[PDB]
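Asks: This is start28.cif, which holds mmCIF, N, CA, C and O atoms:
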```cif
data_my_file
#
loop_
_atom_site.label_atom_id
_atom_site.label_comp_id
_atom_site.auth_asym_id
_atom_site.auth_seq_id
_atom_site.Cartn_x
_atom_site.Cartn_y
_atom_site.Cartn_z
N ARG T 1 -28.46 42.18 -86.35
CA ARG T 1 -29.76 41.58 -85.95
C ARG T 1 -30.93 42.27 -86.66
O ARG T 1 -30.90 43.48 -86.89
N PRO T 2 -31.97 41.51 -87.03
CA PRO T 2 -33.15 42.06 -87.72
C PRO T 2 -33.83 43.17 -86.92
O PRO T 2 -34.00 43.06 -85.71
N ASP T 3 -34.20 44.24 -87.61
CA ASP T 3 -34.85 45.38 -86.96
C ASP T 3 -35.97 44.95 -86.03
O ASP T 3 -35.95 45.24 -84.83
N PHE T 4 -36.97 44.27 -86.58
CA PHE T 4 -38.12 43.82 -85.80
C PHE T 4 -37.71 43.05 -84.55
O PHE T 4 -38.41 43.09 -83.54
N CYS T 5 -36.57 42.37 -84.60
CA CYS T 5 -36.09 41.61 -83.45
C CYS T 5 -35.90 42.53 -82.25
O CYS T 5 -35.89 42.08 -81.11
N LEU T 6 -35.75 43.82 -82.52
CA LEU T 6 -35.56 44.80 -81.46
C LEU T 6 -36.89 45.21 -80.84
O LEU T 6 -36.92 45.87 -79.80
N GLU T 7 -37.99 44.81 -81.47
CA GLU T 7 -39.32 45.15 -80.97
C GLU T 7 -39.66 44.34 -79.71
O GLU T 7 -39.80 43.12 -79.77
N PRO T 8 -39.82 45.02 -78.56
CA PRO T 8 -40.16 44.36 -77.30
C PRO T 8 -41.67 44.23 -77.12
O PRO T 8 -42.44 44.97 -77.72
N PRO T 9 -42.12 43.28 -76.28
CA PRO T 9 -43.54 43.07 -76.02
C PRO T 9 -44.12 44.12 -75.08
O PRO T 9 -43.46 44.55 -74.13
N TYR T 10 -45.36 44.52 -75.34
CA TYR T 10 -46.03 45.51 -74.51
C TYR T 10 -46.74 44.85 -73.33
O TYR T 10 -47.48 43.88 -73.51
N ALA T 11 -46.51 45.37 -72.13
CA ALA T 11 -47.12 44.83 -70.93
C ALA T 11 -48.36 45.63 -70.53
O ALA T 11 -48.25 46.63 -69.82
N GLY T 12 -49.52 45.18 -70.97
CA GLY T 12 -50.76 45.86 -70.65
C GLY T 12 -51.71 44.98 -69.86
O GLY T 12 -51.60 44.87 -68.64
N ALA T 13 -52.64 44.35 -70.57
CA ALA T 13 -53.60 43.47 -69.94
C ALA T 13 -54.25 42.54 -70.96
O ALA T 13 -55.19 42.92 -71.65
N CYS T 14 -53.73 41.31 -71.05
CA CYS T 14 -54.27 40.32 -71.97
C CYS T 14 -53.76 38.93 -71.62
O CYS T 14 -52.55 38.72 -71.45
N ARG T 15 -54.68 37.97 -71.53
CA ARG T 15 -54.32 36.59 -71.20
C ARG T 15 -53.81 35.86 -72.43
O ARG T 15 -54.46 35.85 -73.48
N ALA T 16 -52.63 35.26 -72.31
CA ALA T 16 -52.03 34.52 -73.41
C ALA T 16 -50.87 33.66 -72.92
O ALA T 16 -50.16 34.03 -71.98
N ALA T 17 -50.68 32.52 -73.57
CA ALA T 17 -49.61 31.61 -73.21
C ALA T 17 -49.31 30.64 -74.34
O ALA T 17 -49.13 29.44 -74.12
N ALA T 18 -49.26 31.17 -75.55
CA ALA T 18 -48.98 30.36 -76.73
C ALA T 18 -47.52 29.92 -76.76
O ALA T 18 -46.68 30.50 -76.07
N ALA T 19 -47.22 28.90 -77.55
CA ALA T 19 -45.86 28.39 -77.66
C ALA T 19 -45.01 29.26 -78.59
O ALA T 19 -44.29 28.75 -79.44
N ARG T 20 -45.11 30.58 -78.43
CA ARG T 20 -44.36 31.51 -79.25
C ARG T 20 -43.15 32.06 -78.50
O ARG T 20 -43.05 31.95 -77.28
N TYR T 21 -42.22 32.65 -79.25
CA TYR T 21 -41.01 33.21 -78.66
C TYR T 21 -40.69 34.57 -79.27
O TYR T 21 -41.09 34.86 -80.40
N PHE T 22 -39.95 35.39 -78.54
CA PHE T 22 -39.54 36.71 -79.03
C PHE T 22 -38.15 37.06 -78.55
O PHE T 22 -37.65 36.47 -77.59
N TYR T 23 -37.51 37.99 -79.23
CA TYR T 23 -36.14 38.40 -78.89
C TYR T 23 -36.14 39.50 -77.82
O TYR T 23 -37.00 40.37 -77.81
N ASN T 24 -35.14 39.45 -76.95
CA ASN T 24 -34.98 40.44 -75.89
C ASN T 24 -33.72 41.25 -76.13
O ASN T 24 -32.65 40.91 -75.63
N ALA T 25 -33.84 42.33 -76.90
CA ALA T 25 -32.70 43.18 -77.21
C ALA T 25 -31.96 43.62 -75.95
O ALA T 25 -30.77 43.95 -76.00
N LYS T 26 -32.66 43.62 -74.82
CA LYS T 26 -32.06 44.02 -73.55
C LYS T 26 -31.41 42.84 -72.82
O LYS T 26 -30.85 43.02 -71.73
N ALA T 27 -31.48 41.64 -73.40
CA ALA T 27 -30.88 40.47 -72.76
C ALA T 27 -30.22 39.52 -73.76
O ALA T 27 -29.63 38.51 -73.37
N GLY T 28 -30.29 39.84 -75.05
CA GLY T 28 -29.67 39.02 -76.06
C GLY T 28 -30.30 37.65 -76.23
O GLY T 28 -29.89 36.88 -77.11
N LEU T 29 -31.29 37.33 -75.41
CA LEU T 29 -31.96 36.03 -75.48
C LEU T 29 -33.45 36.21 -75.79
O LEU T 29 -33.96 37.32 -75.80
N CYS T 30 -34.13 35.09 -76.05
CA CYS T 30 -35.56 35.14 -76.36
C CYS T 30 -36.39 34.76 -75.15
O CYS T 30 -35.87 34.42 -74.09
N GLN T 31 -37.71 34.82 -75.32
CA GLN T 31 -38.64 34.48 -74.25
C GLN T 31 -39.93 33.90 -74.80
O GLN T 31 -40.47 34.39 -75.80
N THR T 32 -40.44 32.86 -74.14
CA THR T 32 -41.69 32.22 -74.55
C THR T 32 -42.91 32.97 -73.99
O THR T 32 -43.94 32.37 -73.69
N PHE T 33 -42.77 34.29 -73.85
CA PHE T 33 -43.84 35.14 -73.32
C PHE T 33 -44.14 34.81 -71.86
O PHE T 33 -43.81 33.73 -71.37
N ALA T 34 -44.77 35.76 -71.17
CA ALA T 34 -45.12 35.59 -69.77
C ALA T 34 -46.09 36.68 -69.33
O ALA T 34 -46.37 37.62 -70.08
N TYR T 35 -46.62 36.55 -68.11
CA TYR T 35 -47.56 37.54 -67.59
C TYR T 35 -48.59 37.91 -68.64
O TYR T 35 -48.73 37.23 -69.66
N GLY T 36 -49.29 38.99 -68.39
CA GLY T 36 -50.30 39.46 -69.32
C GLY T 36 -49.70 40.07 -70.58
O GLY T 36 -50.36 40.86 -71.25
N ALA T 37 -48.46 39.72 -70.90
CA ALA T 37 -47.80 40.25 -72.09
C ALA T 37 -48.50 39.78 -73.36
O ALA T 37 -48.77 38.59 -73.53
N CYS T 38 -48.80 40.72 -74.24
CA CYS T 38 -49.47 40.40 -75.50
C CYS T 38 -48.47 39.95 -76.56
O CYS T 38 -47.30 40.33 -76.53
N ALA T 39 -48.95 39.15 -77.51
CA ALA T 39 -48.10 38.66 -78.59
C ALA T 39 -47.71 39.79 -79.54
O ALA T 39 -48.56 40.57 -79.97
N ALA T 40 -46.43 39.87 -79.87
CA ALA T 40 -45.93 40.90 -80.76
C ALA T 40 -46.17 40.53 -82.22
O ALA T 40 -46.22 39.35 -82.58
N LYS T 41 -46.33 41.55 -83.07
CA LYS T 41 -46.57 41.33 -84.49
C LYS T 41 -45.38 40.64 -85.15
O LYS T 41 -45.49 39.50 -85.62
N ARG T 42 -44.25 41.33 -85.19
CA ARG T 42 -43.04 40.79 -85.80
C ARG T 42 -42.25 39.94 -84.81
O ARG T 42 -41.70 38.90 -85.17
N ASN T 43 -42.15 40.42 -83.57
CA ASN T 43 -41.38 39.73 -82.55
C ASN T 43 -42.15 38.51 -82.05
O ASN T 43 -42.64 38.48 -80.92
N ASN T 44 -42.25 37.50 -82.91
CA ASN T 44 -42.97 36.28 -82.57
C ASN T 44 -42.49 35.10 -83.42
O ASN T 44 -42.82 35.01 -84.61
N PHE T 45 -41.71 34.20 -82.82
CA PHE T 45 -41.20 33.04 -83.53
C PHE T 45 -41.90 31.77 -83.05
O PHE T 45 -42.21 31.63 -81.87
N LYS T 46 -42.14 30.85 -83.98
CA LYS T 46 -42.81 29.60 -83.65
C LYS T 46 -41.97 28.76 -82.69
O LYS T 46 -42.48 27.83 -82.07
N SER T 47 -40.69 29.09 -82.57
CA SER T 47 -39.79 28.37 -81.69
C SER T 47 -38.63 29.24 -81.24
O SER T 47 -38.16 30.10 -81.99
N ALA T 48 -38.15 29.01 -80.03
CA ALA T 48 -37.03 29.77 -79.50
C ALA T 48 -35.82 29.60 -80.40
O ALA T 48 -35.08 30.54 -80.64
N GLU T 49 -35.66 28.38 -80.92
CA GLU T 49 -34.56 28.11 -81.82
C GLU T 49 -34.71 29.01 -83.03
O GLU T 49 -33.73 29.55 -83.55
N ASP T 50 -35.96 29.19 -83.46
CA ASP T 50 -36.27 30.05 -84.59
C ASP T 50 -35.91 31.49 -84.26
O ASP T 50 -35.29 32.18 -85.07
N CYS T 51 -36.28 31.96 -83.06
CA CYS T 51 -35.97 33.32 -82.65
C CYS T 51 -34.46 33.52 -82.62
O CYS T 51 -33.93 34.42 -83.27
N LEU T 52 -33.77 32.66 -81.88
CA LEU T 52 -32.32 32.73 -81.76
C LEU T 52 -31.65 32.66 -83.14
O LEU T 52 -30.66 33.34 -83.39
N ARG T 53 -32.19 31.84 -84.02
CA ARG T 53 -31.63 31.69 -85.36
C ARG T 53 -31.65 33.02 -86.11
O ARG T 53 -30.62 33.48 -86.61
N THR T 54 -32.83 33.63 -86.18
CA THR T 54 -32.98 34.91 -86.88
C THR T 54 -32.51 36.08 -86.03
O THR T 54 -31.67 36.87 -86.46
N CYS T 55 -33.08 36.21 -84.83
CA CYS T 55 -32.73 37.30 -83.94
C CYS T 55 -31.39 37.09 -83.25
O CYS T 55 -30.60 38.02 -83.11
N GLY T 56 -31.13 35.86 -82.82
CA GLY T 56 -29.88 35.56 -82.15
C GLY T 56 -28.76 35.27 -83.13
O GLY T 56 -28.78 35.76 -84.26
N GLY T 57 -27.79 34.47 -82.71
CA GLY T 57 -26.67 34.13 -83.58
C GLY T 57 -25.34 34.16 -82.86
O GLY T 57 -24.59 33.19 -82.88
N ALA T 58 -25.04 35.29 -82.22
CA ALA T 58 -23.79 35.45 -81.49
C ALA T 58 -23.84 34.71 -80.16
O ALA T 58 -24.92 34.20 -79.80
#
```
Using structure tokens, write down the structure from this file.
Replies:
Amino acid sequence: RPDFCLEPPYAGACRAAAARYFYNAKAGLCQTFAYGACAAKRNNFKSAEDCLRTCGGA
């Protein structure tokens, strides 16, 4: 799996709900973001299929 795919989102304080997705190294699946979670630099795919494609696979 791509290094950056291992990069998790930081939970601080920021409003966001874009149609982006990221990989969850701790769950093997992606997420369309939630809560005040900020968008990750590398860990951000335009689509979950995109995340799973690059980050996922197995």
Asks: Starting from the shown file, work through the PyMOL selection byres ((chain T and resi 45) around 6) and note down what comes out as a PyMOL selection string.
Replies: chain T and resi 19-22+42-44+46-48+50-51
Asks: Keeping only N, CA, C and O atoms, take the residues you just selected and write them out as a tab-separated table (two decimals), keeping the file's coordinate frame.
Replies:
```tsv
chain	number	residue	atom	x	y	z
T	19	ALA	N	-47.22	28.90	-77.55
T	19	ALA	CA	-45.86	28.39	-77.66
T	19	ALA	C	-45.01	29.26	-78.59
T	19	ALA	O	-44.29	28.75	-79.44
T	20	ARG	N	-45.11	30.58	-78.43
T	20	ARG	CA	-44.36	31.51	-79.25
T	20	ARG	C	-43.15	32.06	-78.50
T	20	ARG	O	-43.05	31.95	-77.28
T	21	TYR	N	-42.22	32.65	-79.25
T	21	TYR	CA	-41.01	33.21	-78.66
T	21	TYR	C	-40.69	34.57	-79.27
T	21	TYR	O	-41.09	34.86	-80.40
T	22	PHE	N	-39.95	35.39	-78.54
T	22	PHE	CA	-39.54	36.71	-79.03
T	22	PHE	C	-38.15	37.06	-78.55
T	22	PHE	O	-37.65	36.47	-77.59
T	42	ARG	N	-44.25	41.33	-85.19
T	42	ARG	CA	-43.04	40.79	-85.80
T	42	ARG	C	-42.25	39.94	-84.81
T	42	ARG	O	-41.70	38.90	-85.17
T	43	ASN	N	-42.15	40.42	-83.57
T	43	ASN	CA	-41.38	39.73	-82.55
T	43	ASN	C	-42.15	38.51	-82.05
T	43	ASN	O	-42.64	38.48	-80.92
T	44	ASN	N	-42.25	37.50	-82.91
T	44	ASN	CA	-42.97	36.28	-82.57
T	44	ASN	C	-42.49	35.10	-83.42
T	44	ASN	O	-42.82	35.01	-84.61
T	46	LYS	N	-42.14	30.85	-83.98
T	46	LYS	CA	-42.81	29.60	-83.65
T	46	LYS	C	-41.97	28.76	-82.69
T	46	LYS	O	-42.48	27.83	-82.07
T	47	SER	N	-40.69	29.09	-82.57
T	47	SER	CA	-39.79	28.37	-81.69
T	47	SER	C	-38.63	29.24	-81.24
T	47	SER	O	-38.16	30.10	-81.99
T	48	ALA	N	-38.15	29.01	-80.03
T	48	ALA	CA	-37.03	29.77	-79.50
T	48	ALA	C	-35.82	29.60	-80.40
T	48	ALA	O	-35.08	30.54	-80.64
T	50	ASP	N	-35.96	29.19	-83.46
T	50	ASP	CA	-36.27	30.05	-84.59
T	50	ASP	C	-35.91	31.49	-84.26
T	50	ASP	O	-35.29	32.18	-85.07
T	51	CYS	N	-36.28	31.96	-83.06
T	51	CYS	CA	-35.97	33.32	-82.65
T	51	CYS	C	-34.46	33.52	-82.62
T	51	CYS	O	-33.93	34.42	-83.27
```
Asks: So that I can check the secondary structure, give me every residue of segment 6-56 of chain T assigned helix (DSSP H, G or I) by backbone DSSP, as a list in words.
Replies: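 In segment 6-56 of chain T, DSSP puts these residues in helix (DSSP H, G or I): residues 6, 48, 49, 50, 51, 52, 53 and 54 of chain T.
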Asks: Take the PyMOL selection byres (((chain T and resi 3 and name CA) around 10) and name CA), apply it to the structure above, and return the hits as a list in words.
Replies: residues 1, 2, 4, 5, 6, 7, 42, 43 and 55 of chain T
Asks: Any idea what's packed within 7 Å of residue 9 of chain T, counting all atoms listed in the file, ignoring anything in its chain fewer than 3 positions away? Could you give it as a PyMOL selection string?
Replies: chain T and resi 6+12+23+37-40+43
Asks: Using N, CA, C and O atoms, can you write the selected residues to a file as a compact mmCIF listing (two decimals), in the coordinates of the input?
Replies:
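Contents of the output file part-v2.txt:
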```
# COMPACT_ATOMS: atom_id res chain seq x y z
N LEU T 6 -35.75 43.82 -82.52
CA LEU T 6 -35.56 44.80 -81.46
C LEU T 6 -36.89 45.21 -80.84
O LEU T 6 -36.92 45.87 -79.80
N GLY T 12 -49.52 45.18 -70.97
CA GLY T 12 -50.76 45.86 -70.65
C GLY T 12 -51.71 44.98 -69.86
O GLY T 12 -51.60 44.87 -68.64
N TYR T 23 -37.51 37.99 -79.23
CA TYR T 23 -36.14 38.40 -78.89
C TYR T 23 -36.14 39.50 -77.82
O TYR T 23 -37.00 40.37 -77.81
N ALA T 37 -48.46 39.72 -70.90
CA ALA T 37 -47.80 40.25 -72.09
C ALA T 37 -48.50 39.78 -73.36
O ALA T 37 -48.77 38.59 -73.53
N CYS T 38 -48.80 40.72 -74.24
CA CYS T 38 -49.47 40.40 -75.50
C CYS T 38 -48.47 39.95 -76.56
O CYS T 38 -47.30 40.33 -76.53
N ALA T 39 -48.95 39.15 -77.51
CA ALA T 39 -48.10 38.66 -78.59
C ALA T 39 -47.71 39.79 -79.54
O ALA T 39 -48.56 40.57 -79.97
N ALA T 40 -46.43 39.87 -79.87
CA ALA T 40 -45.93 40.90 -80.76
C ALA T 40 -46.17 40.53 -82.22
O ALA T 40 -46.22 39.35 -82.58
N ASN T 43 -42.15 40.42 -83.57
CA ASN T 43 -41.38 39.73 -82.55
C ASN T 43 -42.15 38.51 -82.05
O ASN T 43 -42.64 38.48 -80.92
```
Asks: Got a sec to tell me which of chain T DSSP assigns to strand (DSSP E), as a count of residues only?
Replies: 6
Asks: Can you work out the spacing between atom O of residue 24 of chain T and atom N of residue 53 of chain T in Å, to one decimal?
Replies: 12.4 Å
Asks: Counting all atoms listed in the file, what is within 7 Å of residue 36 of chain T, bar same-chain residues fewer than 3 positions away, as number ranges by chain?
Replies: T: 10-16, 39
Asks: Figure out the distance between atom N of residue 8 of chain T and atom C of residue 34 of chain T, please, to one decimal in Å.
Replies: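 Those two atoms sit 13.9 Å apart.
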